[PDB]
DNA sequence: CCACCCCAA
DNA sequence: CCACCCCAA
DNA sequence: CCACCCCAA
DNA sequence: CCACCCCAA
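Protein chains in written order, with the UniProt record's numbering: chain L, 388 to 435; chain P, 180 to 727.
Below you can see the structure in the form of structure tokens.
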């Protein structure tokens with residue numbers, strides 16, 4: 388129940404509700420993709 | 180310049196004994212490398228298609244199709260155990276020490292020599308060797324590891340393990356995105372299954388170039404190229420093995436009855452019935468508390484599919500495994516617990532006074548027992564109600580999928596958040612030392628090729644090449660590839676690898692398994708009347724330890 | 001820039 | 001005079 | 001007067 | 001004027 392657990396701000400017309408600034412502590416996302424399997428790893432054979 | 184020396188030779192193994200059983204192991208390997216002129220001074224892109232082996236509709240693990248690009252640049256790898264120690268040093272670190280730690284690494288190249296070959300077609304004809312004191316050597320360091328990583332240990336294209344023996348770098352090459360499809364097919368599978376070389380996904384086109392990405396240091400005769408000192412930030416390696424399973428964990432039963440005479444035949448009986456024994460089980464059905472039933476804190480090692488040849492966009496490839504032994508090396512499956520296999524020749528073991536093109540190898544079998552005997556398991560009904568009945572138990576012998584040879588063991592994967600594990604021990608000589616790490620957000624817990632896996636960037640590859648020596652005729656607007664002066668160069672390479680490890684104390688009563696010289700070893704560690712040398716493989720972790 | 005089979009009189 | 005695919009630990 | 005199988009958190 | 005199911009980062 389929101390009424391019970393969380394305050395409610397009674398806004399009218401001349402009222403502004405604003406949050407704060409929420410800082411995030413999560414891991415980066417990479418704009419890169421890996422195209423290597425298990426057959427594209429290491430020192431290929433030597434072609435005689 | 181060309182008058183004086185640039186470096187010194189040192190292939191010494193220094194043991195700096197510190198305080199608190201701590202030692203300093205600085206291995207130096209100064210080998211003299213030889214290198215010839217690259218065929219082509221041009222980069223190539225080559226496709227390998229052995230679709231003559233993958234048609235028999237039996238052979239699918241013989242897929243040798245890949246797309247590689249050749250570089251005129253000749254690489255130099257020293258990422259091996261055999262290059263840094265001899266059979267004498269190892270025995271020390273193995274018998275005396277407990278755990279080993281990797282520290283520094285610095286390479287140094289000196290006494291560069293470049294000679295031209297003059298072919299005097301006269302009778303024999305004859306060959307006249309000279310010095311082109313103005314010639315050059317092109318050195319390159321990938322200090323920014325911009326390029327792929329090709330550990331040349333995998334394919335025994337390392338450096339000689341005998342210092343008094345001149346060696347050769349490996350022609351550099353790397354993978355280029357090759358797309359394929361190949362469906363399995365047994366001896367019976369009628370018609371031609373499916374197998375093709377799509378080509379290349381335009382997305383995954385990485386065409387590298389050393390000239391462009393990495394500086395090149397043009398060395399002459401009176402120039403020395405030296406690296407720095409590379410500090411390593413990787414996890415320790417343990418010179419200890421765990422011999423504890425799940426049946427050798429905790430407080431054993433209390434034996435209400437003990438023998439009164441000798442013999443390993445006279446067994447001390449507990450003296451209580453299985454469905455009236457006190458303790459804890461992970462079952463809510465039974466009342467039987469057995470050494471197999473009882474609840475143990477976790478599970479040692481895991482059980483995965485064996486000879487489980489997966490596949491993706493590049494083609495099929497086997498499923499790795501990180502398991503010790505399990506079962507007396509008289510009862511293996513050298514497969515289930517994936518035991519490495521090593522093939523070298525003449526320059527990395529094997530009898531020097533040998534002949535032909537046939538490697539020698541060994542299937543290294545560790546000491547640690549986390550491995551399994553997948554021929555003594557079983558899956559039965561929730562009701563237990565044994566003695567279990569057929570229809571109520573799927574055993575190893577019982578086929579799965581209707582085919583004989585197959586099992587549930589073959590398709591089985593018991594890896595739980597309760598799986599305990601120990602990394603892959605060093606495999607000396609041959610074996611690898613340290614190996615870069617995957618650039619995937621999620622990373623493998625441990626590698627199967629190297630005891631050490633660096634956490635940050637690792638040493639940059641040293642690419643060694645010969646500079647083009649040109650004649651009086653050269654037209655850069657020609658279809659053909661000019662004609663250069665047949666030039667080669669030999670240079671001395673030195674290495675300083677630093678290790679820091681701890682000394683083992685005695686805590687049992689029974690001596691521990693050490694390394695020694697038998698009447699069957701002797702002539703495995705000494706030259707022969709002709710000067711026949713070879714380095715044998717020897718177990719790393721041979722000293723007990725407690726898992727719990 | 002040689003010391004007691006290593007680093008190191 | 002090697003650090004995380006550039007300059008640049 | 002209990003710390004990571006010794007002395008020795 | 002948003003921090004780890006309350007007051008209360």
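Positions of the beta carbon are idealized from the N, C-alpha and C atoms, including for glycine.
Within 9 Å, strictly: CB atoms of residue i and residue j
{"i": "residue 694 of chain P", "j": "residue 269 of chain P", "result": "yes"}
{"i": "residue 601 of chain P", "j": "residue 420 of chain P", "result": "yes"}
{"i": "residue 227 of chain P", "j": "residue 432 of chain L", "result": "yes"}
{"i": "residue 725 of chain P", "j": "residue 423 of chain P", "result": "yes"}
{"i": "residue 337 of chain P", "j": "residue 351 of chain P", "result": "no"}
{"i": "residue 666 of chain P", "j": "residue 296 of chain P", "result": "yes"}
{"i": "residue 261 of chain P", "j": "residue 527 of chain P", "result": "yes"}
{"i": "residue 679 of chain P", "j": "residue 354 of chain P", "result": "no"}
{"i": "residue 489 of chain P", "j": "residue 498 of chain P", "result": "yes"}
{"i": "residue 643 of chain P", "j": "residue 254 of chain P", "result": "yes"}
{"i": "residue 130 of chain P", "j": "residue 681 of chain P", "result": "Absent from the structure is residue 130 of chain P, since the part of chain P shown begins at 180 and ends at 727."}
{"i": "residue 282 of chain P", "j": "residue 677 of chain P", "result": "yes"}
{"i": "residue 658 of chain P", "j": "residue 650 of chain P", "result": "no"}
{"i": "residue 425 of chain L", "j": "residue 188 of chain P", "result": "no"}
{"i": "residue 660 of chain P", "j": "residue 314 of chain P", "result": "no"}
{"i": "residue 553 of chain P", "j": "residue 485 of chain P", "result": "yes"}
{"i": "residue 289 of chain P", "j": "residue 186 of chain P", "result": "yes"}
{"i": "residue 265 of chain P", "j": "residue 696 of chain P", "result": "no"}
{"i": "residue 252 of chain P", "j": "residue 389 of chain P", "result": "yes"}
{"i": "residue 718 of chain P", "j": "residue 546 of chain P", "result": "yes"}
{"i": "residue 467 of chain P", "j": "residue 563 of chain P", "result": "yes"}
{"i": "residue 716 of chain P", "j": "residue 543 of chain P", "result": "yes"}
{"i": "residue 320 of chain P", "j": "residue 394 of chain P", "result": "yes"}
{"i": "residue 237 of chain P", "j": "residue 377 of chain P", "result": "no"}
{"i": "residue 551 of chain P", "j": "residue 516 of chain P", "result": "yes"}
{"i": "residue 392 of chain P", "j": "residue 349 of chain P", "result": "no"}
Run of the beta strand (DSSP E) containing residue i, from where it starts to where it stops
{"i": "residue 288 of chain P", "result": "276 to 299"}
{"i": "residue 378 of chain P", "result": "374 to 378"}
{"i": "residue 353 of chain P", "result": "349 to 354"}
{"i": "residue 251 of chain P", "result": "245 to 255"}
{"i": "residue 642 of chain P", "result": "641 to 645"}
{"i": "residue 308 of chain P", "result": "305 to 310"}
{"i": "residue 317 of chain P", "result": "316 to 320"}
{"i": "residue 396 of chain P", "result": "395 to 398"}
{"i": "residue 680 of chain P", "result": "666 to 682"}
{"i": "residue 195 of chain P", "result": "192 to 196"}
{"i": "residue 206 of chain P", "result": "201 to 207"}
{"i": "residue 222 of chain P", "result": "Note, residue 222 of chain P: premise wrong, no beta strand (DSSP E); not H, not E."}
{"i": "residue 210 of chain P", "result": "210 to 214"}
{"i": "residue 577 of chain P", "result": "No beta strand (DSSP E) contains residue 577 of chain P, which DSSP labels as neither H nor E."}
Element boundaries [alpha helix (DSSP H), containing residue i]
{"i": "residue 391 of chain P", "result": "389 to 392"}
Neighbourhood of residue i by C-beta distance below 6 Å, restricted to the same chain and skipping five residues each side
{"i": "residue 638 of chain P", "result": "284, 409"}
{"i": "residue 709 of chain P", "result": "532"}
{"i": "residue 316 of chain P", "result": "291, 398, 668"}
{"i": "residue 357 of chain P", "result": "245, 246"}
{"i": "residue 401 of chain P", "result": "180, 181"}
{"i": "residue 417 of chain P", "result": "278"}
For residue j and residue i, believed in contact at Cβ under 8 Å, the rounded distance
{"i": "residue 332 of chain P", "j": "residue 611 of chain P", "result": "4 Å"}
{"i": "residue 673 of chain P", "j": "residue 287 of chain P", "result": "4 Å"}
{"i": "residue 435 of chain P", "j": "residue 459 of chain P", "result": "About 20 Å separates the two Cβ atoms, so there is no contact after all."}
{"i": "residue 483 of chain P", "j": "residue 592 of chain P", "result": "5 Å"}
{"i": "residue 479 of chain P", "j": "residue 549 of chain P", "result": "5 Å"}
{"i": "residue 734 of chain P", "j": "residue 631 of chain P", "result": "With chain P covering only 180 through 727, there is no way to say anything about residue 734 of chain P."}
{"i": "residue 428 of chain P", "j": "residue 457 of chain P", "result": "That belief does not hold up - the Cβ atoms of residue 428 of chain P and residue 457 of chain P are roughly 18 Å apart, past 8 Å."}
Residues near residue i by beta carbon distance below 7 Å, same chain, minus five either side
{"i": "residue 396 of chain L", "result": "404"}
{"i": "residue 617 of chain P", "result": "623"}
{"i": "residue 629 of chain P", "result": "611, 612, 613, 614"}
{"i": "residue 575 of chain P", "result": "553, 554, 556, 586, 588"}
Same chain, Cβ closer than 8 Å to residue i, neighbours up to 5 away in sequence not counted
{"i": "residue 243 of chain P", "result": "227, 229, 232"}
{"i": "residue 373 of chain P", "result": "360, 361, 362"}
{"i": "residue 707 of chain P", "result": "532"}
I want to know whether the stretch 501 to 513 of chain P touches the stretch 245 to 260 of chain P - three or more CB-CB distances under 8 Å. no
Using 8 Å as the threshold, is the stretch 210 to 225 of chain P in touch with the stretch 460 to 468 of chain P, meaning 3 or more CB pairs across them? no
Could you tell me whether the stretch 698 to 709 of chain P touches the stretch 584 to 593 of chain P, using the rule of 3 or more Cβ pairs below 8 Å? Fewer than three Cβ pairs drawn from the stretch 698 to 709 of chain P and the stretch 584 to 593 of chain P lie within less than 8 Å of each other, which leaves the two stretches out of contact.
Would you check if the stretch 510 to 524 of chain P and the stretch 536 to 544 of chain P touch, i.e. whether three or more CB-CB distances between them fall below 8 Å? yes
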